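Okay, structure first, notes after.
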Amino acid sequence: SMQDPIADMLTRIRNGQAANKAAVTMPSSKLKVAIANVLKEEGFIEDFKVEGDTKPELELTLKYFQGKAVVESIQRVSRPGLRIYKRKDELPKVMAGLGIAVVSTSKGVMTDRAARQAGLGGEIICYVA
Amino acid sequence: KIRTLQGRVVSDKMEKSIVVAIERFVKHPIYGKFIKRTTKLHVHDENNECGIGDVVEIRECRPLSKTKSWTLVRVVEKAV
Amino acid sequence: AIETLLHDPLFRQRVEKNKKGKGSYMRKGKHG
Amino acid sequence: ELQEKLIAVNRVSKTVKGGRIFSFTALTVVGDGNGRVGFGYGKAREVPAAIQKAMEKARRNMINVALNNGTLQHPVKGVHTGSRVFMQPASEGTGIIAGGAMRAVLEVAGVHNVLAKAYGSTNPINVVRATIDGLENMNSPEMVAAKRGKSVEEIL
Amino acid sequence: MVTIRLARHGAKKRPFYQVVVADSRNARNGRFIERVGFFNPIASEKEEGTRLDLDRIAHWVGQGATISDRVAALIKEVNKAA
Amino acid sequence: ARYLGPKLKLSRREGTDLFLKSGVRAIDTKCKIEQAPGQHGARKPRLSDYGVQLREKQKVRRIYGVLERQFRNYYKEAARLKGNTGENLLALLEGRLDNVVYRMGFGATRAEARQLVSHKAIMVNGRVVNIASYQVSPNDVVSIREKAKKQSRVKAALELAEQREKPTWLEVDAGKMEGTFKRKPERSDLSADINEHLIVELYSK
Amino acid sequence: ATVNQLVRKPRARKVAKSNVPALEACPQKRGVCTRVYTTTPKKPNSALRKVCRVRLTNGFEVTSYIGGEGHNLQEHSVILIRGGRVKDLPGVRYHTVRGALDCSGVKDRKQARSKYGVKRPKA
RNA sequence: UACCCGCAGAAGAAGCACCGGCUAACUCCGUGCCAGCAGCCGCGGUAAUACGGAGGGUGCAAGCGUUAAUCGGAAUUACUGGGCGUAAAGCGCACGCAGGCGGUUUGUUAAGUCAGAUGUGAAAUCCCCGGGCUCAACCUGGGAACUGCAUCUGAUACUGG
RNA sequence: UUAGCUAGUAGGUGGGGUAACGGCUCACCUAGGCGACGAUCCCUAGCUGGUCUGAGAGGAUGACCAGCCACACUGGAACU
Ligand SMILES: [Mg+2]
Ligand SMILES: [Mg+2]
Ligand SMILES: [Mg+2]
Ligand SMILES: [Mg+2]
Ligand SMILES: [Mg+2]
Ligand SMILES: [Mg+2]
Ligand SMILES: [Mg+2]
Ligand SMILES: [Mg+2]
Ligand SMILES: [Mg+2]
Ligand SMILES: [Mg+2]
Ligand SMILES: [Mg+2]
Ligand SMILES: [Mg+2]
Ligand SMILES: [Mg+2]
Ligand SMILES: [Mg+2]
Ligand SMILES: [Mg+2]
Ligand SMILES: [Mg+2]
Ligand SMILES: [Mg+2]
Ligand SMILES: [Mg+2]
Ligand SMILES: [Mg+2]
Ligand SMILES: [Mg+2]
Ligand SMILES: [Mg+2]
Ligand SMILES: [Mg+2]
Ligand SMILES: [Mg+2]
Ligand SMILES: [Mg+2]
Ligand SMILES: [Mg+2]
Ligand SMILES: [Mg+2]
Ligand SMILES: [Mg+2]
């Protein structure tokens, strides 16, 4: 069955990147939307568009620079089977600072750097290189 | 402002007494999975108010028996 | 006990390993 | 101005009606002491010839590697066949902490500071390839910025 | 009872003493309640040989603790210095 | 605890001039500096990756006159300290009292300097120091004591030094026979041929 | 492999037994030469390798190789064994120490003397 | 006693292992599957850089080798960090209790989670900056650390109720 | 390749006992209590601060120094 939605989304994104797809649609969720927004902010996707009332579809628009993909790698870190929380000192540096680590904090989802700045840790959703 | 634990009542057969399983959601040392570990406690209760499968709040006290060193403070959700 | 003496592994028919013929091939020489 | 290291020379055989026909493979690598590195694998009936061939091969099909100062830009993993190979940038003065074939490639490339482990196989040919792959994939900060539509300041 | 006393902690022939509040029954270098200073007899020029956390000592005394003769002497010296 | 044997042999083995002799007479005249020692000198085997590193390590150790355990300790210390490891190690080596003396020019050779140190000749901030391994800090004046000031060897050493290239990081007086260790030397002040990095690598396998 | 699985039943460390168990984690042991005899090695080698069956101090009857050119050991000769197994020999897991207890040093030996219990020659 | 000053004279003071590859260091002589070596691969059957001796070298050095034992290398029990079509590895197939995991929205709670504070986490040891023995080891002042536990006050994205 | 174990056993009442709570103990009443989150049984072992190793996470260990425990020819017992 479907157990992780965030993970699924990530996978979809990865596959889109692989297959040189312009856009990647999926069922929406709030967390997912937040993640997408974060990605956009960080500059790994062009745009995201949530669309529908009853059952709304998120639709990301993947980014390609000089032929190849932008989202070079993208892993789920915490996952339902085995969660990962991190205190603000323990927050990771993905690709030695070049990549980002999406982290859910009490003041919302944000990139690792942002979290650090704030002075708070949290659940580490995904790494994006 | 007293240290008090919640838990379900596993059994209430022995008189003026109950046994209360207290669940705790500890992280594993090595693997980092979060396990539900369980702590059965023999708790004293005068009047025998608690039924089985009943959620109940308990505090630590001086020992009332061999195995019994906790006393209940209130009952919650006693539905059957 | 002469027959037993002859039997001992000490006096088993040795055969010298080849260097150029059949068992010639050595994977690694005595020195590099 | 191109330093060149012969990593390994290895004797290989092809059996025929007569007997064994031996031959020698030679795995070399060359680099300029900056980004550019190339490995060559040359085979011949005699060793020197093979080595020469390898060198020639190396000299064409080079590859550039973004080097932040004397070291890598971020920790990188490279794999190829059996060898899978971790290499992590390091502080000035640590030297090339790496094993054998991997070391040689690094040295020519002009990385002076690395901590590098080879897991899996250590088949020199494969390991060097893996290392090269790792180097190749590794992106600089500037490149990343370009990709993402940001300034290097914004990323840090 | 609780006493304030020295606790030999140094090398051979170069003793450095630690002053400590401690139950009298315990061994010299063993268990102690609080380390309230130190004393160094093999101290060079231009360095503090002795140093007592005086307030703590006072508190201990108030509580009802004895003071070793040497410790008392040290205290006196400190006072003089002050 | 010291190498007492032939000095030029070591140099030969290394390849280079290790300055294990006073420098009156050119090293080529005293020995076949190119040809390695022993019966199998003329043969030059292709040296391994480990081997080159080892050789390098030896060279440095030989130069300063330091046995292995001590060297290891020094390396460890360097590692512990902040900044580039090899450089740190080099600095530490330099800092040795005997080495400093040699640099100043009170010993013709490093060995000579060491001997002098041993034989209670070298005061460091007015206190006689006998340990060759003593680390001379910045702004530590280091001098010949009045008893050893008359020795003809010392003046010879000084003369020799005067012919040699002077180090920037010290400041020495020939008349007063006393020198100030002004600062720990930068890598650029020392010899370029020493591949400290190799040494560092070696102590990580 | 699965984290849950691991939790249920964790990972077993491969317990490696000793190859010199008659020592009982001692660097040497004393024993008496129950018998002393030659043995042929396995292929490809050829020799009459000198070995002694040795009743050790701790009860164990082992068989110990005797190194060096020549030896003095008889029956009832007290010797010190040290661990080390001859490869060509089946069943030998120990060397005699030469130069300890009754086992004598090797005669006329001038290199690796210490390994063969030989004192430095005076001249 | 430490320490210092004087006296005489190079005087009283260097060994151990190794040199086939791994592994830094090679030649001659004797023996000839013997004698012996060996950590692994192996060497030795008359030109042995592998045995024994010598000369020569290499590495350590008042120590140097061997043995034992532990971690390392071993991502070779893999949490970090492995695998299972053919190399060892998918229950013969299902149902299914316990257990694990659980789509989406809003509210609430605040158990997990995160933040801050308080108490504690002995001293020593480790690490950082210093000081003291001529240096060092050693001794030592101050810090940091002791990744934890408990409590109190918040945060509420994520998980839980 | 140890799966069942326990009748002062688990709880209650009331006496007695303790410096003190308490099946600590006794009398009566109830029939419980523990256990696959490994009870019971068997083998091994003093525990910790630490030490060694390791990039770490881990692994191994617990001489010396310091904290705690237990023991004092073996098995009991009390007295002060
Ligand atoms: Mg393999
Ligand atoms: Mg010494
Ligand atoms: Mg350093
Ligand atoms: Mg060699
Ligand atoms: Mg030998
Ligand atoms: Mg002959
Ligand atoms: Mg011969
Ligand atoms: Mg032959
Ligand atoms: Mg030989
Ligand atoms: Mg091992
Ligand atoms: Mg391991
Ligand atoms: Mg495997
Ligand atoms: Mg098969
Ligand atoms: Mg199979
Ligand atoms: Mg099947
Ligand atoms: Mg959910
Ligand atoms: Mg909470
Ligand atoms: Mg907190
Ligand atoms: Mg502490
Ligand atoms: Mg000092
Ligand atoms: Mg909820
Ligand atoms: Mg919620
Ligand atoms: Mg009662
Ligand atoms: Mg009563
Ligand atoms: Mg490891
Ligand atoms: Mg006795
Ligand atoms: Mg008794």
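Protein sequences, first through last, are from chains m, v, 6, j, u, i and q. Read in order, the letters of the first sequence are residues 2 to 130 in PDB author numbering. Read in order, the letters of the second sequence are residues 4 to 83 in PDB author numbering. Read in order, the letters of the third sequence are residues 15 to 46 in PDB author numbering. Read in order, the letters of the fourth sequence are residues 10 to 165 in PDB author numbering. Read in order, the letters of the fifth sequence are residues 1 to 82 in PDB author numbering. Read in order, the letters of the sixth sequence are residues 2 to 206 in PDB author numbering. Read in order, the letters of the seventh sequence are residues 2 to 124 in PDB author numbering. Just so you know, even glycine gets a beta-carbon here, dropped at the ideal spot from N, CA and C.
Neighbour flag for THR41 (chain q) against chain 6, beta carbons, 8 Å | Here residue 41 (chain q) corresponds to residue number 40 of the seventh sequence, with the count starting at 1. With 8 Å as the cut-off, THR41 (chain q) counts as an interface residue toward chain 6.
Note down the Cα distance separating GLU17 (chain 6) from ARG86 (chain q), rounded to an integer number of angstroms.
-> Taking the first residue of the third sequence as 1, we reach residue 17 (chain 6) at position 3. Taking the first residue of the seventh sequence as 1, we reach residue 86 (chain q) at position 85. Roughly 32 Å between the two C-alpha positions.
Considering only residues of the same chain and omitting the five flanking positions on each side of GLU80 (chain v), which have a CB-CB separation below 6 Å?
-> To locate residue 80 (chain v), count along the second sequence from 1; it is residue 77. Around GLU80 (chain v), the same chain offers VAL58 as residues with beta carbons nearer than 6 Å, after the five sequence neighbours per side are excluded.
Give the interface partners of residue 1 (chain m) over in chain v, defined as CB-CB distance under 7 Å, in chain order.
-> Only positions 2 to 130 of chain m appear in this structure, which leaves residue 1 (chain m) out of reach.
With 8 Å set as the bound, which would you pick, yes or no: does the beta-carbon of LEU90 (chain q) sit closer than that to a beta-carbon of chain 6?
-> Here residue 90 (chain q) corresponds to residue number 89 of the seventh sequence, with the count starting at 1. It does not; no Cβ of chain 6 falls within 8 Å.
List the residues of chain i that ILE60 (chain j) touches, going by C-beta distances under 8 Å, in chain order.
-> As a position in the fourth sequence, residue 60 (chain j) is number 51, starting the count at 1. The premise fails here: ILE60 (chain j) is roughly 13 Å from chain i at the closest Cβ pair, so nothing lies under 8 Å.
Taking Cβ positions only, does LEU83 (chain m) come closer than 8 Å to chain v?
-> The residue you call residue 83 (chain m) lines up with position 82 of the first sequence. Against chain v, the CB of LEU83 (chain m) has a partner CB under 8 Å away; the residue lies at that interface.
Closest Cβ-Cβ distance between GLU88 (chain i) and chain j: below 8 Å?
-> In the sixth sequence, residue 88 (chain i) corresponds to position 87, counting from 1. Output row for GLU88 (chain i): interface = yes.
Cross-chain neighbours of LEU24 (chain 6) in chain q, by beta carbon under 8 Å = Taking the first residue of the third sequence as position 1, residue 24 (chain 6) is located at position 10. Taking the beta carbon of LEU24 (chain 6) as reference, the chain q residues within 8 Å of it are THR41, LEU49, listed in sequence order.
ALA79 (chain i) beta carbon near ligand 3 (any heavy atom closer than 7 Å) = The count along the sixth sequence starts at 1 and reaches residue 79 (chain i) at position 78. For ligand 3, at least one heavy atom lies less than 7 Å from the Cβ of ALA79 (chain i).
Would you kindly work out how many angstroms separate the C-alpha atoms of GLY122 (chain m) and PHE45 (chain m), rounded to a whole number?
-> Residue 122 (chain m) sits at position 121 when you count from the first residue of the first sequence. Residue 45 (chain m) sits at position 44 when you count from the first residue of the first sequence. Between the alpha carbons of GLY122 (chain m) and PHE45 (chain m) lies a distance of about 23 Å.
Alpha-carbon to alpha-carbon, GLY87 (chain i) and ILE200 (chain i) | Start at 1 with the first residue of the sixth sequence, and residue 200 (chain i) comes out as number 199. Start at 1 with the first residue of the sixth sequence, and residue 87 (chain i) comes out as number 86. Each residue's Cα considered, the two are about 7 Å apart.
Report yes or no: is there a C-beta of chain m within less than 8 Å of the C-beta of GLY56 (chain v)?
-> The residue labelled residue 56 (chain v) in the question sits at position 53 within the second sequence. No, because no Cβ of chain m sits closer than 8 Å to the Cβ of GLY56 (chain v).
Name the one or two DSSP bridge partners that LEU124 (chain j) has.
-> Against the fourth sequence, residue 124 (chain j) aligns to sequence position 115. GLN97 (chain j), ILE106 (chain j), per the DSSP bridge assignment.
Classification of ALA81 (chain u) by the beta-carbon crowding that lies within 10 angstroms, buried from 16 upward = By one-based count along the fifth sequence, residue 81 (chain u) stands at place 81. By the 10 Å Cβ count, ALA81 (chain u) comes out exposed.
Going by alpha carbons, who is nearest to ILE60 (chain j) out of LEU124 (chain j), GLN82 (chain j), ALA35 (chain j)?
-> Translated into the one-based positions of the fourth sequence, residue 60 (chain j) becomes position 51. The option with the nearest alpha carbon to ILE60 (chain j) is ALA35 (chain j).
Per-residue burial, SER92 (chain j) [other beta carbons within 10 Å of its own, 16 or more giving buried] | Taking the first residue of the fourth sequence as 1, we reach residue 92 (chain j) at position 83. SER92 (chain j) is buried by the Cβ-count criterion.
Nonlocal neighbours in the same chain, by C-beta distance under 6 Å from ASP53 (chain u), ignoring five residues either side | Here the question's residue 53 (chain u) lines up with position 53 in the fifth sequence. Taking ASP53 (chain u) as the centre and dropping the five residues before and after it, the same chain places the C-beta of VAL36, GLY37 closer than 6 Å to its C-beta, in chain order.
Closer than 7 Å: is that where the CB of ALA2 (chain i) sits relative to any heavy atom of ligand 2?
-> Here residue 2 (chain i) corresponds to residue number 1 of the sixth sequence, with the count starting at 1. Yes; taking the cut-off as 7 Å, the Cβ of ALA2 (chain i) has a heavy atom of ligand 2 nearer than that.
Just confirm the distance between the C-beta atoms of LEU59 (chain m) and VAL51 (chain m), as a whole number of angstroms; I'd bet it's less than 8 Å.
-> As a position in the first sequence, residue 59 (chain m) is number 58, starting the count at 1. As a position in the first sequence, residue 51 (chain m) is number 50, starting the count at 1. That pair is a contact at about 5 Å.
Beta strand (DSSP E) segments (min. 3 residues) lying fully within the region 133-198 of chain i = As far as the region 133-198 of chain i is concerned, its whole beta strand (DSSP E) runs of at least 3 residues are 141-145, 171-174, 179-182.
Using a Cβ cut-off of 8 Å (strictly closer), state whether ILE106 (chain j) contacts chain i.
-> Taking the fourth sequence and counting its residues from 1, the one referred to as residue 106 (chain j) is at position 97. Judged by the 8 Å Cβ criterion, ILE106 (chain j) is in contact with chain i.
Contact set between the region 28-53 of chain v and chain m, restricted to residues whose Cβ is under 8 Å from the partner | Listed in sequence order: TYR34, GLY35, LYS36, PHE37.
Are the C-beta of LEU81 (chain q) and some C-beta of chain v separated by less than 8 Å?
-> Here residue 81 (chain q) refers to the residue found at position 80 when the seventh sequence is read from its first residue. Judged by the 8 Å Cβ criterion, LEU81 (chain q) is not in contact with chain v.
DSSP-derived helix/strand/coil call for residue 6 (chain 6) | Residue 6 (chain 6) lies beyond the residue range present for chain 6, which begins at 15 and ends at 46; the question has no answer from this structure.
Check whether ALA7 (chain u) and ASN29 (chain u) have beta carbons under 8 Å apart | Locating residue 7 (chain u) in the fifth sequence gives position 7, where the first residue counts as 1. Locating residue 29 (chain u) in the fifth sequence gives position 29, where the first residue counts as 1. It is a contact, given that the beta carbons lie within the stated cut-off.
Between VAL118 (chain i) and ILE106 (chain j), what straight-line distance do the alpha-carbon atoms span, to the nearest angstrom?
-> Position 117 of the sixth sequence, counted from the start, is the residue given in the question as residue 118 (chain i). Position 97 of the fourth sequence, counted from the start, is the residue given in the question as residue 106 (chain j). Their backbone Cα atoms lie some 38 Å apart in a straight line.
Determine, using beta carbons only, whether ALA43 (chain i) and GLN36 (chain i) come nearer to each other than 8 Å.
-> As a position in the sixth sequence, residue 43 (chain i) is number 42, starting the count at 1. As a position in the sixth sequence, residue 36 (chain i) is number 35, starting the count at 1. Going by beta carbons, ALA43 (chain i) and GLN36 (chain i) fall inside the 8 Å limit.
Would you say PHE49 (chain m) reaches chain j, if we count a Cβ-Cβ gap shorter than 8 Å as a contact?
-> What you label residue 49 (chain m) is simply residue 48 of the first sequence in a count that begins at 1. The C-beta of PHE49 (chain m) comes no closer than 8 Å to any C-beta of chain j.
Find the nearest neighbour of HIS83 (chain j) within the set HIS89 (chain j), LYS23 (chain j), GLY47 (chain j), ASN122 (chain j), judged by alpha-carbon distance.
-> Locating residue 83 (chain j) in the fourth sequence gives position 74, counting from the first residue. Residue nearest to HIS83 (chain j) within the set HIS89 (chain j), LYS23 (chain j), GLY47 (chain j), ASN122 (chain j) is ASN122 (chain j) (criterion: CA-CA distance).
Cβ pair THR35 (chain q), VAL52 (chain q) closer than 8 Å = Within the seventh sequence, residue 35 (chain q) is the residue found at index 34, counting from 1. Within the seventh sequence, residue 52 (chain q) is the residue found at index 51, counting from 1. At a Cβ-Cβ threshold of 8 Å, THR35 (chain q) and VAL52 (chain q) do not count as neighbours.
Host beta strand (DSSP E) of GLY79 (chain j) (start-end) | One-based indexing of the fourth sequence puts residue 79 (chain j) at position 70. Premise fails: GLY79 (chain j) is in no beta strand (DSSP E) and is neither H nor E.
Within the 8 Å Cβ cut-off, does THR37 (chain j) reach chain i?
-> Residue 37 (chain j) sits at position 28 when you count from the first residue of the fourth sequence. The beta-carbon of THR37 (chain j) is placed no less than 8 Å from the nearest beta-carbon of chain i.
Alpha-carbon spacing of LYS159 (chain j) relative to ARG51 (chain u), whole angstroms = For this step, residue 159 (chain j) is matched to residue 150 along the fourth sequence. For this step, residue 51 (chain u) is matched to residue 51 along the fifth sequence. Distance between the alpha carbons of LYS159 (chain j) and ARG51 (chain u): 59 Å.
Tell me where the alpha helix (DSSP H) around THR17 (chain i) begins and ends.
-> Position 16 of the sixth sequence holds residue 17 (chain i). Premise fails: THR17 (chain i) is in no alpha helix (DSSP H) and is neither H nor E.
Which value, in whole angstroms, describes the spacing of the CA atoms of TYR65 (chain m) and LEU92 (chain m)?
-> Taking the first sequence and counting its residues from 1, one reaches residue 65 (chain m) at position 64. Taking the first sequence and counting its residues from 1, one reaches residue 92 (chain m) at position 91. If I take the Cα positions, the gap works out to 29 Å.
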